[PDB]
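In what follows, a structure is listed as structure tokens, so that the remarks can point back to it.
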Amino acid sequence: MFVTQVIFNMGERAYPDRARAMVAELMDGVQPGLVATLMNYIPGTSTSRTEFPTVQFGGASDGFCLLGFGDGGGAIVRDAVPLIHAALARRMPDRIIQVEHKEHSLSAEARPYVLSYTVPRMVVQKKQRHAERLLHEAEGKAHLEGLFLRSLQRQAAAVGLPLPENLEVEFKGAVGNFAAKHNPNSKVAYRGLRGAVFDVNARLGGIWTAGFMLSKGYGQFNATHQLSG
DNA sequence: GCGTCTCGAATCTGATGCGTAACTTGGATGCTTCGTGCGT
């Protein structure tokens, strides 16, 4: 029930995707086993795994953050930080990279009270045939709480955490919209919504995630530091 | 109707004398007859 969060203070605030590319280039030199383990690539290939990715990325005020879900992903992050830190030190000799490790406890429990949660960035579209289902909010809303519940169940199963069988998550409203871009060469921008708020009948602990393509660092939110309503 | 980091470490971890003295130290008894009085 442990999710290991590691913060790298590059000195300059870093993009998620740019950080992913930079570390992938840096990892490419070092032992390939750790490389393929880190970016969830099958040994010998470069394919994204069907199963819930456990090691992912994320932004920070002065760098990028490592989020290793589950016991296995936490262990991978724990024995991978020294090598990536050494690589970062080698790559930037003009700045001092500093690392602090925060090992969190992950748990989720149900309460009769309705708990309101906010997510900064949301992605709800992958393919145009799926966007045909997203053509209007009438079909969009069901897809929304469906995605939230599916993501919660997926991460609970991946970390082996029992989840309240009587959950009812309800999307509340929207504030802003953005665009999600998978690769620099890709012209397609996926759907993106900012200031998303939803109601859930459970007290969420640790850090949870929702959206698509966990391996970049979008759609993340810390339930612990967000308090509640 | 919030949490991580922290969540010790290194000694020391006995030493010395005193660590018996004096007496007591066994005793006694395991025969039957003969003569002279003394109680039934």
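Order determines the names: the first chain of the structure tokens is A, the second B, and so forth; residues in each chain are numbered 1 upward, and ligands are numbered 1 upward as they are shown.
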Q) Near stretch 201-216 of chain A, within 6 Å and counting only C-alpha atoms (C1' of nucleotides), which residues show up once chain neighbours fewer than 3 positions away are dropped, as a count of residues only? A) 20
Using only C-alpha atoms (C1' of nucleotides), find each residue of chain B with at least one atom at most 9 Å away from an atom of chain A; report its shortest atom-to-atom pair and that distance in Å (one decimal), sort the rows by chain and rising residue number, and return the result as JSON lines.
{"residue": "B:1", "atom": "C1'", "partner": "A:228", "partner_atom": "CA", "distance": 5.6}
{"residue": "B:2", "atom": "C1'", "partner": "A:227", "partner_atom": "CA", "distance": 4.5}
{"residue": "B:3", "atom": "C1'", "partner": "A:224", "partner_atom": "CA", "distance": 6.2}
{"residue": "B:4", "atom": "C1'", "partner": "A:102", "partner_atom": "CA", "distance": 4.8}
{"residue": "B:5", "atom": "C1'", "partner": "A:102", "partner_atom": "CA", "distance": 6.6}
Can I get the selected residues back with N, CA, C and O atoms (P, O5', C5', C4', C3', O3' and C1' of nucleotides), as a PDB file, in the first residue's frame?
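In the end it all went to result_29.pdb:
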ATOM      1  P    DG B   1     -15.700  15.107   9.611  1.00  0.00           P
ATOM      2  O5'  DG B   1     -14.882  14.269   8.519  1.00  0.00           O
ATOM      3  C5'  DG B   1     -13.511  13.942   8.746  1.00  0.00           C
ATOM      4  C4'  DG B   1     -12.609  14.619   7.724  1.00  0.00           C
ATOM      5  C3'  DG B   1     -11.957  15.906   8.195  1.00  0.00           C
ATOM      6  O3'  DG B   1     -10.742  16.125   7.482  1.00  0.00           O
ATOM      7  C1'  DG B   1     -13.591  16.395   6.539  1.00  0.00           C
ATOM      8  P    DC B   2      -9.440  15.240   7.816  1.00  0.00           P
ATOM      9  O5'  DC B   2      -8.232  16.289   7.773  1.00  0.00           O
ATOM     10  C5'  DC B   2      -6.899  15.850   8.025  1.00  0.00           C
ATOM     11  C4'  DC B   2      -6.180  15.545   6.723  1.00  0.00           C
ATOM     12  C3'  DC B   2      -4.907  14.738   6.862  1.00  0.00           C
ATOM     13  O3'  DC B   2      -5.211  13.352   6.959  1.00  0.00           O
ATOM     14  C1'  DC B   2      -4.616  16.514   5.293  1.00  0.00           C
ATOM     15  P    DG B   3      -4.152  12.338   7.617  1.00  0.00           P
ATOM     16  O5'  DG B   3      -2.799  12.636   6.822  1.00  0.00           O
ATOM     17  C5'  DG B   3      -1.595  11.981   7.182  1.00  0.00           C
ATOM     18  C4'  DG B   3      -0.539  12.202   6.116  1.00  0.00           C
ATOM     19  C3'  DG B   3       0.865  11.779   6.503  1.00  0.00           C
ATOM     20  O3'  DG B   3       1.061  10.413   6.175  1.00  0.00           O
ATOM     21  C1'  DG B   3       0.826  13.848   5.245  1.00  0.00           C
ATOM     22  P    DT B   4       2.399   9.654   6.636  1.00  0.00           P
ATOM     23  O5'  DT B   4       3.469  10.062   5.523  1.00  0.00           O
ATOM     24  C5'  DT B   4       4.815   9.646   5.647  1.00  0.00           C
ATOM     25  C4'  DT B   4       5.683  10.350   4.625  1.00  0.00           C
ATOM     26  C3'  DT B   4       7.117  10.573   5.062  1.00  0.00           C
ATOM     27  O3'  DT B   4       7.914   9.474   4.641  1.00  0.00           O
ATOM     28  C1'  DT B   4       6.181  12.580   4.114  1.00  0.00           C
ATOM     29  P    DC B   5       8.850   8.697   5.690  1.00  0.00           P
ATOM     30  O5'  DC B   5      10.114   9.658   5.855  1.00  0.00           O
ATOM     31  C5'  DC B   5      10.856  10.044   4.714  1.00  0.00           C
ATOM     32  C4'  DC B   5      11.541  11.373   4.949  1.00  0.00           C
ATOM     33  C3'  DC B   5      12.502  11.391   6.128  1.00  0.00           C
ATOM     34  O3'  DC B   5      13.829  11.203   5.665  1.00  0.00           O
ATOM     35  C1'  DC B   5      11.189  13.417   5.934  1.00  0.00           C
TER      36       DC B   5
END
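DSSP secondary structure from the backbone places residues 48, 55, 56, 59, 64, 65, 66, 67, 68, 99, 100, 101, 102, 103, 104, 105, 108, 109, 110, 111 and 112 of chain A of stretch 42-112 of chain A in strand (DSSP E or B).
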Please report, as a PDB file with C-alpha atoms, in the first residue's frame, each residue of stretch 22-202 of chain A to which DSSP assigns helix (DSSP H, G or I) when run on this structure's backbone.
ATOM      1  CA  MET A  22      15.453  13.701 -21.380  1.00  0.00           C
ATOM      2  CA  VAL A  23      15.552  10.864 -18.849  1.00  0.00           C
ATOM      3  CA  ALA A  24      14.869   8.285 -21.569  1.00  0.00           C
ATOM      4  CA  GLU A  25      17.882   9.626 -23.455  1.00  0.00           C
ATOM      5  CA  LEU A  26      19.885   9.587 -20.214  1.00  0.00           C
ATOM      6  CA  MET A  27      18.705   6.085 -19.300  1.00  0.00           C
ATOM      7  CA  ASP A  28      19.563   4.807 -22.789  1.00  0.00           C
ATOM      8  CA  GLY A  29      23.248   4.844 -21.846  1.00  0.00           C
ATOM      9  CA  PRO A  32      19.037  -1.514 -20.443  1.00  0.00           C
ATOM     10  CA  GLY A  33      17.183  -3.665 -17.908  1.00  0.00           C
ATOM     11  CA  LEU A  34      16.539  -0.703 -15.627  1.00  0.00           C
ATOM     12  CA  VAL A  35      15.697   1.357 -18.725  1.00  0.00           C
ATOM     13  CA  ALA A  36      12.933  -0.954 -19.941  1.00  0.00           C
ATOM     14  CA  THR A  37      11.728  -1.425 -16.362  1.00  0.00           C
ATOM     15  CA  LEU A  38      11.533   2.341 -15.823  1.00  0.00           C
ATOM     16  CA  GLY A  70       2.269  -0.309  -5.722  1.00  0.00           C
ATOM     17  CA  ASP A  71       4.983  -2.231  -3.906  1.00  0.00           C
ATOM     18  CA  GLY A  72       6.769  -3.274  -7.096  1.00  0.00           C
ATOM     19  CA  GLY A  73       6.767   0.187  -8.644  1.00  0.00           C
ATOM     20  CA  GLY A  74       7.837   1.728  -5.358  1.00  0.00           C
ATOM     21  CA  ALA A  75      10.773  -0.677  -5.169  1.00  0.00           C
ATOM     22  CA  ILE A  76      11.706   0.079  -8.791  1.00  0.00           C
ATOM     23  CA  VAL A  77      11.753   3.807  -8.063  1.00  0.00           C
ATOM     24  CA  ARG A  78      13.692   3.220  -4.834  1.00  0.00           C
ATOM     25  CA  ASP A  79      16.549   1.361  -6.500  1.00  0.00           C
ATOM     26  CA  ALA A  80      16.399   3.545  -9.634  1.00  0.00           C
ATOM     27  CA  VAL A  81      16.818   6.996  -8.007  1.00  0.00           C
ATOM     28  CA  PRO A  82      20.619   6.772  -7.450  1.00  0.00           C
ATOM     29  CA  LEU A  83      21.377   6.035 -11.108  1.00  0.00           C
ATOM     30  CA  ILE A  84      19.035   8.694 -12.505  1.00  0.00           C
ATOM     31  CA  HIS A  85      20.379  11.226 -10.002  1.00  0.00           C
ATOM     32  CA  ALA A  86      23.952  10.435 -11.051  1.00  0.00           C
ATOM     33  CA  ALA A  87      22.950  10.814 -14.703  1.00  0.00           C
ATOM     34  CA  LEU A  88      21.283  14.163 -13.976  1.00  0.00           C
ATOM     35  CA  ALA A  89      24.396  15.342 -12.137  1.00  0.00           C
ATOM     36  CA  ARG A  90      26.535  14.339 -15.120  1.00  0.00           C
ATOM     37  CA  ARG A  91      24.231  16.031 -17.635  1.00  0.00           C
ATOM     38  CA  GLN A 128     -11.961   9.931 -33.222  1.00  0.00           C
ATOM     39  CA  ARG A 129     -14.219   6.867 -33.193  1.00  0.00           C
ATOM     40  CA  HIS A 130     -14.111   7.324 -29.420  1.00  0.00           C
ATOM     41  CA  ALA A 131     -14.631  11.048 -30.024  1.00  0.00           C
ATOM     42  CA  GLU A 132     -17.782  10.059 -31.915  1.00  0.00           C
ATOM     43  CA  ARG A 133     -18.976   8.913 -28.492  1.00  0.00           C
ATOM     44  CA  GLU A 137     -21.624  16.033 -23.175  1.00  0.00           C
ATOM     45  CA  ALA A 138     -24.790  13.904 -23.000  1.00  0.00           C
ATOM     46  CA  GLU A 139     -22.644  10.840 -23.678  1.00  0.00           C
ATOM     47  CA  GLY A 140     -19.573  12.545 -22.218  1.00  0.00           C
ATOM     48  CA  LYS A 141     -20.740  12.620 -18.602  1.00  0.00           C
ATOM     49  CA  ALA A 142     -21.316   8.859 -18.355  1.00  0.00           C
ATOM     50  CA  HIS A 143     -17.882   8.361 -19.897  1.00  0.00           C
ATOM     51  CA  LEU A 144     -16.485  10.739 -17.261  1.00  0.00           C
ATOM     52  CA  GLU A 145     -17.487   8.967 -14.049  1.00  0.00           C
ATOM     53  CA  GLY A 146     -17.005   5.675 -15.885  1.00  0.00           C
ATOM     54  CA  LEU A 147     -13.376   6.621 -16.499  1.00  0.00           C
ATOM     55  CA  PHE A 148     -12.931   7.770 -12.901  1.00  0.00           C
ATOM     56  CA  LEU A 149     -14.340   4.540 -11.465  1.00  0.00           C
ATOM     57  CA  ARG A 150     -12.374   2.394 -13.920  1.00  0.00           C
ATOM     58  CA  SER A 151      -9.114   4.163 -13.062  1.00  0.00           C
ATOM     59  CA  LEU A 152      -9.765   3.820  -9.329  1.00  0.00           C
ATOM     60  CA  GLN A 153     -10.513   0.101  -9.660  1.00  0.00           C
ATOM     61  CA  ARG A 154      -7.482  -0.426 -11.910  1.00  0.00           C
ATOM     62  CA  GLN A 155      -5.053   1.194  -9.482  1.00  0.00           C
ATOM     63  CA  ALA A 156      -6.665  -0.537  -6.493  1.00  0.00           C
ATOM     64  CA  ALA A 157      -6.240  -3.919  -8.192  1.00  0.00           C
ATOM     65  CA  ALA A 158      -2.685  -3.101  -9.294  1.00  0.00           C
ATOM     66  CA  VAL A 159      -1.663  -2.186  -5.737  1.00  0.00           C
TER      67      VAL A 159
END
(Q) My list of candidates is A:43, A:192, A:16, A:63. Which is closest to residue A:122 when distances are computed with only C-alpha atoms? (A) A:192
